[PDB]
Amino acid sequence: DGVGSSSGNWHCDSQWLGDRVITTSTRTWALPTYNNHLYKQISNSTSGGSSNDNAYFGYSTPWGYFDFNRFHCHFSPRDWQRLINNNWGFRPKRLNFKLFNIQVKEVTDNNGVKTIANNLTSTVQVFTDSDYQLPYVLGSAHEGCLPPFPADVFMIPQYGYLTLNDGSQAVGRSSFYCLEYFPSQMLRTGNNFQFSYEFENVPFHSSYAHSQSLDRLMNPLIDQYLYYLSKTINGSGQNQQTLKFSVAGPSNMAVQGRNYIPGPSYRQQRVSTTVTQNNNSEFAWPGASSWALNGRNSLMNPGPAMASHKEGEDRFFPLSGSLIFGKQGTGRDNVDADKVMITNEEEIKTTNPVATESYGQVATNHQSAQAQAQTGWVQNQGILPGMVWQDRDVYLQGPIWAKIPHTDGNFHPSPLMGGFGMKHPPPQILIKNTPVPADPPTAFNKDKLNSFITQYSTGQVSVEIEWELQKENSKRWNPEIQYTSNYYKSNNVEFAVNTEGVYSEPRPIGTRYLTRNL
Amino acid sequence: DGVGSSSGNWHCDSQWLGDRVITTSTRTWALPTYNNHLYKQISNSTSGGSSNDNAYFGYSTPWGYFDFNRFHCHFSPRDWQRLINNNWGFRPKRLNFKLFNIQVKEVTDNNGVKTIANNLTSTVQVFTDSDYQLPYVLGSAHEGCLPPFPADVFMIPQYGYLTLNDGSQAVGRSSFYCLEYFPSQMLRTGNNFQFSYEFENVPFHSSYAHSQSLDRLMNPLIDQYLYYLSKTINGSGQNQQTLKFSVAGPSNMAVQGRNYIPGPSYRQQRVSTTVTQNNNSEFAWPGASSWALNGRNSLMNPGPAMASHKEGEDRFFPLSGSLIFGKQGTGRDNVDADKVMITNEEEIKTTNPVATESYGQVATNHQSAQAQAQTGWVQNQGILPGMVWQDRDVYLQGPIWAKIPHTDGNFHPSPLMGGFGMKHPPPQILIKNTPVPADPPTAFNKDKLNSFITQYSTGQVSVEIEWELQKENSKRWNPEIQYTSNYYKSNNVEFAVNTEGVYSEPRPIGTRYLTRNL
Amino acid sequence: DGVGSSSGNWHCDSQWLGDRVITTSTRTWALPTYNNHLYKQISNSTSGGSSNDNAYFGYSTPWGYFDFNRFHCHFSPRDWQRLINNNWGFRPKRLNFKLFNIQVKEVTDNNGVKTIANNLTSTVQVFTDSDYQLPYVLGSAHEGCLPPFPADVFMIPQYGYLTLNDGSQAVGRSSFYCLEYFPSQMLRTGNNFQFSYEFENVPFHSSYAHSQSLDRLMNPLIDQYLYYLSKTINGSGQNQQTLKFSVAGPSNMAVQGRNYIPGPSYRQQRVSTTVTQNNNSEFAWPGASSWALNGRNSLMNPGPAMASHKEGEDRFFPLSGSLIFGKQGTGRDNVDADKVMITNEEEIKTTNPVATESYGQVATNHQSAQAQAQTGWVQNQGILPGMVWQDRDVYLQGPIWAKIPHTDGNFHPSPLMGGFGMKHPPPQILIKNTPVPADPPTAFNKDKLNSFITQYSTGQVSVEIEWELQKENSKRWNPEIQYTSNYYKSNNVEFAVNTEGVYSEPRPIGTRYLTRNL
């Protein structure tokens, strides 16, 4: 516990036990000083963006926070391949987190030149919120993750939280949280921090993609003993009416009785990657599927997990349904299509309905000798009984967990975007470097000190997660499809550094390859 | 364990303990040789039936399997009557299965005559799949049950399984299961087989039909303390507008506050058994309620459990909603209505909405001095909170259990057709008689032997299920309605053999007679 | 473990036990920062050098590594003389390695002047790879050794590794190793590092040069009892043919039966140090002995160990066969002959064939009365049975060990260049100084931090090897030849510092002086 001795050792490995995995990831970080050690309110009318649909009121805090909730932080692509090809599912059992080798440096701008010099006295204060008293900002899939590549040094994001608003004004049911009102351990160079966490029991993820469809779960050789209504007409002409019943056999597959039905669907608009096929109109915002809350119009980004392209034609994709990842070096705004990785769910296609297609059809009017039968389309169908659905696939770039909001009720609280929903997720870890005021004036002044010393700190963070596993028991004969690296002579190794040092991931990687029966 | 001594004794009885039942059923079977000891693929393009809506790809195996999942296999009608009149519900606790007295006979066609002769050396191989690794074909309500009547000898169905397909072609996420890759016990005349099974805990079935409706669960003498909005107009003429509130009393029943609402409804078309009332059009396939999955159009055969005829008029029934059983000796195709038993749910009418009628009505446009109120019909309403529904009735011909597909989620996994859904149902029992090749050629040839000896085997199967019971506690005064045999002098005893030996069941038998309060 | 106290003591000595040696060597080092803390790919098309024969694809890492594999690192010339004159062979038993007194300094360029100032907080991270998971770069005889002379301070080389390539493009069977993905101990001023290693059992080196030739291993007084074919002709003239056999005596030495034969030979071109004798053509690359692998043309640098000048005339040497060392202060390119030390193997001349001369001669055509005998030369002869060879001599500048590539097979895995081949050599020791980022921007930015602080570190490395020995038992009468210092008054002491401080080694020193019988 002194300036000389190091406070911890770099540990980065994944040790694979038979029944479980342990992935340590150690990276180095730098924490600037945000908001000049101030709390401020962010409401849009201060930042502009005037509209009823985009309205927010909230506070920005000087505190930073570690967000590791993405997968690629904890898994090298080869640990990922080894994971998803050999296993039918996984769940995190435990979490260990260490923060060490912290060092606090002091910037000085003199006469045009800026000199950086160590500060041995200064402190950087940290706390984990284990009671879930603060707002939970991690689960929203914001950037600021531990970088994919263990070499790169990163910056730590700023913590701020929205609250209630009427337009740009606070209601007064709104809350102000002063983050510095919490019992935060503070530590200097020569001190280290750690805590342990144990994930609450959740269900295993499904890394398997079904090997037989839902609509076709039956013997193709044998008839059922139930009689569908085959033919309601004797023949052409007037007053020809009969009721003719027939066995539901293999010859007519669609009409057999099925005691399970596919999952719910909230329909999405269909956008084609081929450009000339899409309409020549601005349907982006207008034609999108929205859910309104309190007069706001939200957009439906990932939503009930449902297949996208429907089988033959992948030329198109849902307007807002599909997860969309940017490629390395992707611009901020108005990015061309090719520069963006569009995630596509083909593996969920057996269990769940297509995102862009109607759930079904329902009879409307009572038929009569005079009145013909009429059937309308089902655009949305919520949960029914005896309904089976499959959750959205979980990617290497996608979020691990989310916090299930504390409420009187929730149904199947698995996050729409993906991952593992938890009542008590692994806590937020917030960090700030204690302010050191520049020399005050001699005569006592009432006002708070507005002058500080430009300062930042650096260190290493060990994040060790323990993953429980579920291993493939399947007895299928033929070879199983799974994930591989293309062999053709590419200019660069995929998932490897470029010539100029940039790390990049060529395409998203789903979790579902191994197959399993319904 | 020799040719002489028998390997088991016929045991068929139902012994009724107070709190539980044990039903043994022993019957005799004959297992032919399917597919010439070959695996083959069944895809429709080989069998025809060209269309996009009916498409299947799958394999046919030589193996046979025992399917006892229907009730009438295990219950004599008198054990059924005794069951459903005395009890409020039941669940299977355990299962014991024995297969014994197996004998393998060898057919020879010589010079135009066919002679059957014992084969003492031959073997018939059996295995139960307890890990649920194979596809599960039992839960689809295919024929091939143990016959209703313990005397009749039956044939054992062929096992085949569908997989993924794009049209008639396999994807390659498809699986091929080689059934003979499993550790199957094989046994000769003088050997017997058995295993025991324990049903996983499920809910009791409801054999009771409610004694008071959902809409009318209140004191008819006393008013509520809540005020509905009675009258929005002062009187006729312009600018007469008021808000007049009134107590919701017995005088107006429909308007009282009710803290539970009926179960979900997916509307069905209404077909009348009286022929001249139905429309003169082909609405059978076109006007039916369908659920589409992956571009397929399924049909809705049993579906959310909901009443059928609505009260007064039973002259009609749902187009595809109702279970439909064929009478004994019913033709295969285009069967006349009278030859078919149409199952009707009147007992679920209190809890659940009518199949053929709208769930309700919802307001669309905001009213205004200019704009009148407008309300559209609800054709489908999924699960809401505080919603109560009742499951479909379970019949004497209907299936006992079904396998709840292994998936990330399912809601109320009770099978739509009926019975007891189970994550791990009682396993499939597959049987094949080991091939005996006819004399090969003397010189060694590489090719597999395509010539075998026509062969089949015969034996007895004891299926012993233990049923837990729930017994009627009801204190109602008057006599309870229940199931009886008509007394009028019929030509034949119902549920008894004909003159020429044919066994027949006159009408389906529901489980719901005894009444219970909501 | 603090800034004040030193973390280790300089220890440099060689203590000579009778049966073994222990050589400690402590030197001081400086580790810069390579590649701006980046990984980059080195493929030639980025660096040029376009050709099919020179093609490489690989990564450069910021990490440095210690390479001590040369001998002169561990042995003062007087410890070497004492070693090779008194001993018949040696092998390393153990290795101890300590790294201590590490100090990390921070450079700042301000207003044209560069000031160096201590950094007490910073860390330098180290790891030894004991599982041999990374590529092994030590065994290639690259420069960057511990300097010969314990005073000189040196720089630590950069680690980079080639992989598969098709031309300048990566295949995709290629691998990217991220060196920072390993569990590297990190340590500050006041911490030290060490590990111990135990060499796997290998054969003793041969420090002896044989005292009798292979072709002459027999009694010169006594005849053999075997009869060679002396004379096939009766005399001159037609049809004079006889078979005359004779004893193989001392009078004819070459023809006696010898039950061992010399080692294999892969012939080299003969280049004369006297210039006017060599041809007037560019034979350097064209006339060289090459081995092609995968369309590449390698060159044969040290190869099957074989004598060079053949006895009388040393005026010449093999074109590419002989090890070639540069003198101190030798230029980089197109160095004149005299400025370079050309290593010459005269001591292996008894066991092994000459590099520049044919292995032998073989009969081609069957002789006949018509057809004369014809014999071609053997340019290359691989291992035969009953073949004895001697390994290449090992020098004071030459490499100690090499890693025997992990493969299904290898024959006599003693490195062609020299030294001790080992399945598991002493591991690579890699070192990098953890990056400290310059002050980041206040507003959170996604991109990794590209700005760091110019930094390097310094310390001392103790490398302690334990050598097993084999001591001279020879009973020969006369005096044994061995290594000495010329007595003539030279301007400078050989193997000693110059006037201006430069250390230099005048000539290479072989291991073979002491003689031993075959």
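Letters A, B and C name the chains as they come in the text, with residue numbers starting at 1 for each one.
The rule we apply is simple: contacts are C-beta pairs under 8 Å (C-beta built on N, C-alpha and C of every residue); 3 or more make two chains touch, one makes a residue touch a chain.
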How are the chains arranged in terms of who touches whom: line, ring, star, complete or other?
line
Averaging each chain's Cα atoms, the one nearest the global Cα mean turns out to be A
Distance between the centres, which are taken as Cα means, of chain B and chain A, whole angstrom
40
Approximately how many whole Å separate the CA-defined centres of chain A and chain C?
54
Distance from the CA centroid of chain B to that of chain C, rounded to the nearest Å?
80
Which positions in chain B touch two or more other chains at once?
none
Chain C residues touching chain A in their complex are 1-3, 35-41, 43, 46, 59, 62, 108, 110-111, 117, 119-123, 125, 166-167, 169-176, 178, 180-191, 434-442, 444-446, 448-449, 452-453
Looking at the complex, which residues from chain B come into contact with chain A?
42, 47, 49, 53-56, 58, 60, 131-137, 139-145, 157-166, 172-178, 181-182, 263-264, 266-271, 273, 275-284, 286-305, 319-320, 323-326, 330, 332-337, 339-340, 356, 377, 379-385, 389, 391, 397, 402, 404-418, 421
Can you list the residues on chain A that touch chain C in the complex?
2-6, 8-13, 24, 28, 30, 32-34, 76, 101, 103, 105, 107, 113-118, 120, 143-144, 147, 149-158, 189, 454, 456, 458, 460, 485-501
Over in the complex, which chain A residues touch chain B? Could you list them?
203, 205-206, 209-233, 238-248, 250-264, 307, 310-312, 349-351, 353-354, 357-364, 366-376, 378, 381-391, 409, 412, 414, 473-478, 481, 515-518
